[PDB]
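Presented as structure tokens, the chain that follows is alone, the form deposited in one PDB entry.
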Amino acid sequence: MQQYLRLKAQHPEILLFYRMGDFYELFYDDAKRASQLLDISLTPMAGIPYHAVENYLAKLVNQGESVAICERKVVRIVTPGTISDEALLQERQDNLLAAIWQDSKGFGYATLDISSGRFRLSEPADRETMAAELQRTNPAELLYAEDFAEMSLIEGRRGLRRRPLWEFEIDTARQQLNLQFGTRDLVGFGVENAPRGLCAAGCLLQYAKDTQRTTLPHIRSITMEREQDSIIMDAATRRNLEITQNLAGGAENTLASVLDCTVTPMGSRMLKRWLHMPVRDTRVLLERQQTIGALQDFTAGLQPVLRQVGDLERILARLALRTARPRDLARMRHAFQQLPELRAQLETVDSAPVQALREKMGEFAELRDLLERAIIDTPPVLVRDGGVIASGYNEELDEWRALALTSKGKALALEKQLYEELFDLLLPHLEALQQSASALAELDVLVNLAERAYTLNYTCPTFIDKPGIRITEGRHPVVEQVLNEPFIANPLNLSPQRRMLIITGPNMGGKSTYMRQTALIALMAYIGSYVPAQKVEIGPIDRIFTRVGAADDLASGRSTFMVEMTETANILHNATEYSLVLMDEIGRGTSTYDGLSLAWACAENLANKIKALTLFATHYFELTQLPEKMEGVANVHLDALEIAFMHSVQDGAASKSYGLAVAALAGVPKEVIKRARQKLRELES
């Protein structure tokens, strides 16, 4: 098997499936590794059946192992982060391939999603910023330089690939990006000025082309992300707020669950991206609020029609690579048929953004006519053994079928030839189809947000020039849905005159909920959707900081005081007058004298020098003295009556938080409580 060895030499570290007869067979060391990973029988030869190759590949991709498929040439390389096929891919989640580079100046980062074609680059300078980017992106595959100095960040990620220095060279990168984009200058894209990002991008493009083994028609643009453009949240802040996953790792009880009712899969993925990155620019937000208001009345008619369209973004990418299935094309014909009705309903409503969206969608009538002649309504799964081309598209194919094994073979050859030509006719308009899919996806997200607003009484928010937040009748999006009992509503007022509020309250009195609600409303205003309150006035916000969830991590090697203290440090170092900080009790883990001393100091610094908008929850009642000392801090108290909880914020400072009464509600035995009351009376005495 010298031929296997020579091909293996080309790809030494990647498992190779060699197609012999009807099976793909690994050999030698690869067979041993495969038998352990896929539980196959190690006869050294290990075999995978041709029909179920996708199922096995899915297991290897989850593991992170690259596979090379050989039909002799290697047609393609399948890797985590570079997969276009439906079975490996996830309906409501996306795969990102990333490259990281380190220079003396700083870090360079690039991310490409193969199916959407979205290419983004950035240059994080601090070590901390790179970590936050790595977490939000969650790249499936990371390509890194051999000399990377800090390998602490890269080791956790799955599918790491080590890269040689020559690939990251800047001069080759500028030339390569220019050829694919087709622009002599990257100045129009805006990526020409920053060298480190371009180096990472050149490597990513080179690797992607190598794995795909074909031209990439879909990628036509590159973009740069900057800190001024979006609100910044550290990974700890993101997890505590539970935007897409709860603290225990589950889908339910999340802001996404309340707001995601989208009919199409592409809408769902897009909503999550919008939720993760709040957009600071007021102009895009104003257009979004207006489109939502216009379509609120017509939402019911549009939701059934949109569902039929389905996800087209993925289908277009498969068409670009010429791997599209017969079923994929048929789903597209159905989507085109839905486009005329959508346009008619959209024409009646009159608003400038909505009309533009209607124009972007298009009708593509000529293409639909071609598909209706070209494809049968029920399509056989395999083109290789299928009657996918319908009768009447081609006179010759019909003649061969009527003549009907030479006739069958000729017909089969003709059918495949016609199928390939079909890709060619559809290719000239591929940019137009790609533009439409983006427009339809935006519509689904916007219609869904409108329906939710009507059902749950949401209200549009108003932006202001100075940074401040004012709310009337505020209701938490998640807790209100969960509690059967009526959710009491709490107002909020924050201004440069009153930046900080110290919330002191009885246990189980609603203090944590009030703080989580304020942050969640601000994230919603900046995604441009409606806010659950009677009136919202919101200023500019650069960053959101949350210190609400307490845990100690063994993998981190950190105790609970340590995890809490690390988070306080990030806030003190990176806070800005624009950012909003909400924090829970400080020094809970350690002894009382130390905890009070540390908390008084952190609060004084945040009010006096950082000047950020802040909400502070304290069980230490000495801290209520601090608002008197410093301007810009005020006291607000949640209230409860004995025990029954009012759940309503009032001005003033709470005293005598009750723990023993809460313990009785918990079920602690009465005799234990009786001794405790006696002990407490002694301690106070």
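In this text, the rigid core denotes the largest set of C-alpha atoms whose superposition between the two forms falls within 1.5 Å. All residue numbers are counted from 1 along the displayed sequence.
Chain break class at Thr43/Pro44 - deposited residues not modelled: Per the deposited record, the segment joining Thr43 and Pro44 lacks coordinates for 10 or more residues.
How much of the deposited sequence is absent from the coordinates between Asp29 and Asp30: none, 1 to 3, 4 to 9, or 10 or more residues? According to the record, the chain runs unbroken from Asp29 to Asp30.
The protein also exists as the form deposited in another entry; that form is not presented, and the subsequent description refers to it.
With both forms fit on the core, is the shift of the CA atom of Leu143 between this form and the one not shown 2 Å or larger? Yes: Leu143 shifts by at least 2 Å between this form and the one not shown.
Using a rigid core superposition, assess whether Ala194 undergoes a CA shift of 2 Å or more between this form and the one not shown. Shift at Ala194: 2 Å or more after core fit.
Are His276 and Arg157 closer or farther apart at the Cα level in that other deposited form than shown, by 3 Å or more? So the answer is farther.
Pairwise C-alpha change, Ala522 versus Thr111, in that other deposited form against this form - closer or farther, 3 angstroms or more: Pair moves farther apart in that other deposited form.
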